[PDB]
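No hydrogens, no waters, no symmetry mates; every other heavy atom, side chains included, goes into these values. Numbers restart at 1 for each chain; the letters A, B, ... are given by sequence-line order, proteins then strands.
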There are 2 protein chains.
Amino acid sequence: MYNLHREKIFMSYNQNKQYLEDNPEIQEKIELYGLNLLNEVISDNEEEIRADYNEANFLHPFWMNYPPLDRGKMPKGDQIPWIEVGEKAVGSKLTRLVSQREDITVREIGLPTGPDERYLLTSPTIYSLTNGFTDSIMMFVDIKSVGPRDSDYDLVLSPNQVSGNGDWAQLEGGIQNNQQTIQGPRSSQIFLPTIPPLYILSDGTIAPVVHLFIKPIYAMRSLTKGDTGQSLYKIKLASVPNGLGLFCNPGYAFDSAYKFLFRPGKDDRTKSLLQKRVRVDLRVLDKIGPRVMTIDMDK
Amino acid sequence: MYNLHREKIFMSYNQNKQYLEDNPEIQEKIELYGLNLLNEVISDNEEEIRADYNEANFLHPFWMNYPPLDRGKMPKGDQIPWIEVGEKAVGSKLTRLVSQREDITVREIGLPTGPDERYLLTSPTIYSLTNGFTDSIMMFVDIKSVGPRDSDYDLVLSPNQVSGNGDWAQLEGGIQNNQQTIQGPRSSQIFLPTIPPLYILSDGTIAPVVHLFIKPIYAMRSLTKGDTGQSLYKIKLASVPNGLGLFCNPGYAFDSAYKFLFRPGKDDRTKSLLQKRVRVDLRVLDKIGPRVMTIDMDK
DNA sequence: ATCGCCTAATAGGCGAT
DNA sequence: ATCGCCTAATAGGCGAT
Ligand SMILES: [Ca+2]
Ligand SMILES: [Ca+2]
Ligand SMILES: [Ca+2]
Ligand SMILES: [Ca+2]
Ligand SMILES: [Ca+2]
Ligand SMILES: [Ca+2]
Ligand SMILES: [Ca+2]
Ligand SMILES: [Ca+2]
């Protein structure tokens, strides 16, 4: 199966990736389109999102005796691992609501690695936006929840959540991304993205990758004497440029105007030097364009 | 938030769980309804499921240099960890298709633990089926993929994927399941389900839990000289009774007619004695009713 | 057939500096 | 503020018996 459509994918990928790389504005258009599409959907279904999210706390009796156990160094002991509440009540719910949009068609293309949510989003809006280049994009959305004890202004991303330059030299070969040296104010690390900047499906469909991050932020009610629960406080939305934009054109990752866009992640010295996660600073990403947004969900 | 609707949930849960327990046929009806609903949907969208699944192999060049690394004891070295392909192309796709059914409404109720897919499925069909008892159920669906080198006739389930008796003695307390001693032909282990047999939402909604397992089975093409890829071969569907049916009425877990329905799982002697996974033998589960089905997807 | 040996990959709370 | 210390929970391939 590996070789059946390989030549056609190879030829199309290389011709199309060059075009994308030389015309960064097209990718930026569809990336902002994806971002604003999530913002719209969260806005149009705010009560539902908050209700199904916060419902986890009301269902407390059903899981109180079997909560996810604490993990990490020195847990304070008053928080409940809230990872899956944001993943389902926010992340999965959004995937369904996006597909219910009148003009949008969703296709779950099989891939062995990647973010929480992945799907080919096809729509006539993308066709005009890209002036006929394509009518589809590969949505790569990952939910990153935090409480009042972690930073609400960063993103810690795994290699499988970032795309690179994706050179594909020879046919019998494949896409390869260059290692990147992340230099922060005090430390540095290597970061190697594993995702290609775009995909070409076996039927010739051109699917530039659009990386979106949804960051639900909960409040710890217990921080207030005798109150209980971890309620939906806000949701940050962030668009991270695909690999061509980050490392090729306009090369945001190397622009002095945006120093420390990337910084060392949370992986410890026991992790493989090539699988370490990287941080993206939302305060800097906020300067390269209308890439970040905050929605108040505490109402 | 923990106490705001607690009394109402408590009162309703206990009255409703007693009714469910004493009328096992209602739960069996909705459980078989959920099973047959997935069978219908897989059947009505077979080309799409197989196409988006198998597409992962055609996209080989895009991930060949960054495949999920091998894990476990003595990997042969010719297989690619295929976990996420089945999760998305089959599991996530089904959740969307079920919600697109005319008469079905889906709600992603937040929960901190549980299976791959979870959602409140509401429909008038459930209302007549349960003769007015309720119009909703909590779908608990987990995707379990296997290749030609693991058994296509079992399921290895985590505590968070099985419900128990769910006694809830006192209000300020919560649901609790009894530990179960799993006795297999050569070994034995404890198994402690963490999920309640039903949920009551803060608005009084009665949501009996319906546990469904989707088992995509891929073929290893490479097992045939020079061919490549891991293609969709079959999909097994299995309905596992909720906790009331397993351990209370009719108590399938303790019925001599179904010896070894459950058996020790895959967790090693280094795992907490209370978090060990348990196996469910599909060949036995197949005897307690029309709980198991096989769909040929290799066409 | 039984069953458990064995490890990749994801996640974010929280302290140390 | 920076950044990495630290561990729960999920998963199924495959050998050992
Ligand atoms: Ca605690
Ligand atoms: Ca639509
Ligand atoms: Ca994830
Ligand atoms: Ca995530
Ligand atoms: Ca290999
Ligand atoms: Ca519907
Ligand atoms: Ca899972
Ligand atoms: Ca699963």
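- For A/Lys144 and C/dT10, the NZ to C1' distance is 8 Å, given to the nearest whole Å.
- Position along DNA chain C of the nearest nucleotide to A/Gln275 versus B/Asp268 favours B/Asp268 as the more 5'-ward residue.
- For the pair B/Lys266 NZ and D/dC14 P, the computed distance is 10 Å after rounding to whole Å.
- Across the interface with DNA chain D, nearest-nucleotide mapping of A/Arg71 and A/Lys276 shows A/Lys276 to be the residue nearer the 5′ end.
- Under 4.0 angstrom from either OP1 or OP2 of C/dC6 there lies no side-chain N or O belonging to B/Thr270.
- Tested against A/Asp154, the residues A/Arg283, A/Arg279, A/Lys236 include a single salt bridge (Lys or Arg N to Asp or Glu O under 4.0 Å) partner, A/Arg279.
- Side-chain N/O atoms of A/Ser145 include one lying less than 4.0 angstrom from OP1 or OP2 on C/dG12.
- Atoms CG (A/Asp70) and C1' (D/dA8) sit 9 Å apart, rounded to a whole Å.
- Residue pairs satisfying the salt bridge (charged side-chain N to carboxylate O under 4.0 Å, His left out) criterion with at least one member in residues 60-79 of chain B, sequence neighbours excluded, are listed as follows: B/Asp78-B/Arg149.
- Other residues, nucleotides and ligands place more than 12 heavy atoms under 6.0 Å from the CG atom of B/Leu274.
- A sub-4.0 Å separation between OP1 or OP2 of D/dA9 and a side-chain N or O of A/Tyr66 is absent.
- Side-chain atoms of A/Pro264 lie closest to D/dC3 of the nucleotides D/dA11, D/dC14, D/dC3.
- Side-chain nitrogen and oxygen atoms of A/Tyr218 include none within less than 4.0 Å of the OP1 or OP2 phosphate oxygen of C/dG12.
- Atom P of nucleotide D/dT10 and atom CG of A/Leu69 are separated by 10 Å, given to the nearest angstrom.
- Distances were taken from every side-chain heavy atom of B/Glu87 (C-beta onward) to each of C/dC14, D/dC3, D/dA11; the shortest belongs to D/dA11.
- One atom, NZ of A/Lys271, and another, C1' of D/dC5, lie 13 Å apart when rounded to the nearest Å.
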Subject >> CA sep, side-chain torsions, deciding dist, call: B/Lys276, B/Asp267, salt bridge (charged side-chain N to carboxylate O under 4.0 Å, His left out) >> reply: CA-CA 6 Å; B/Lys276 289 174 81 193; B/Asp267 286 315; over 6 Å; no
Show each protein N/O and nucleotides 15-17 of chain C N/O combination with a separation under 3.5 Å, one pair to a line.
{"unit_1": "C/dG15", "atom_1": "OP1", "unit_2": "A/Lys76", "atom_2": "NZ", "d": "2.6"}

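- For the pair A/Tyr2/B/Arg221, no side-chain contact is recorded, criterion being any heavy-atom separation below 4.5 Å from C-beta on.
- Under the 3.5 Å distance criterion, with hydrogens and angles disregarded, a donor-acceptor pair is assigned to the side chains of B/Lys144 and B/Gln161.
- Between A/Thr113 and A/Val146, the one whose closest nucleotide on DNA chain C sits nearer the 5' end is A/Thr113.
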Given Watson-Crick and G-U pairs under 3.5 Å, DNA chain C in dot-bracket ([ ] crossing, | other strand) is ||||||||.||||||||
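- Rounded to whole Å, the P atom of D/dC6 lies 22 Å from the corresponding atom of C/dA9.
- Ranking C/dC3, C/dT2, C/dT10 by closeness to the A/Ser158 side chain, first place goes to C/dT10.
- Regarding A/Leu261, its CG atom lies at a distance of 13 Å from the P atom of D/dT2, rounded to whole Å.
- With DNA chain D read from its 5' end, the first of the two nearest nucleotides for A/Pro68 and A/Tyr153 is the one closest to A/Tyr153.
- No side-chain donor from either of B/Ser231 and B/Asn54 sits under 3.5 Å from a side-chain acceptor of the other.
- Using a 4.0 Å cut-off, no side-chain N or O of A/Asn160 falls inside it from OP1 or OP2 of C/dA9.
- Atom OH of residue A/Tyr199 and atom CZ of residue B/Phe62 lie 8.0 Å apart, to the nearest 0.5 angstrom.
- Proximity of A/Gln161 to the phosphate of C/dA11: a side-chain N or O atom is located under 4.0 Å from OP1 or OP2.
- Ranking C/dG4, D/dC3, D/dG12 by closeness to the B/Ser187 side chain, first place goes to C/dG4.
- Pairing each heavy atom of A/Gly166 with each of A/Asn177, the nearest pair is N-OD1, 2.9 Å.
- A salt bridge links B/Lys266 with B/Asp150: the closest approach of a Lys/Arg side-chain nitrogen to an acidic carboxylate oxygen falls below 4.0 angstrom.
- Remark: A/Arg269 is not in phosphate contact with D/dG4, judged by side-chain N or O atoms under 4.0 Å from OP1 or OP2.
- What separates CD1 of A/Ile83 from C1' of C/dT10 is a distance of 8 Å, to the nearest Å.
- Here the rule is side chain to side chain contact (heavy atoms under 4.5 Å, CB included) with B/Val284, and of B/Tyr153, B/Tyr258, B/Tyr252 only B/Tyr258 fits it.
- Within the 4.0 Å cut-off from OP1 or OP2 of C/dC5, not a single side-chain nitrogen or oxygen of B/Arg277 is found.
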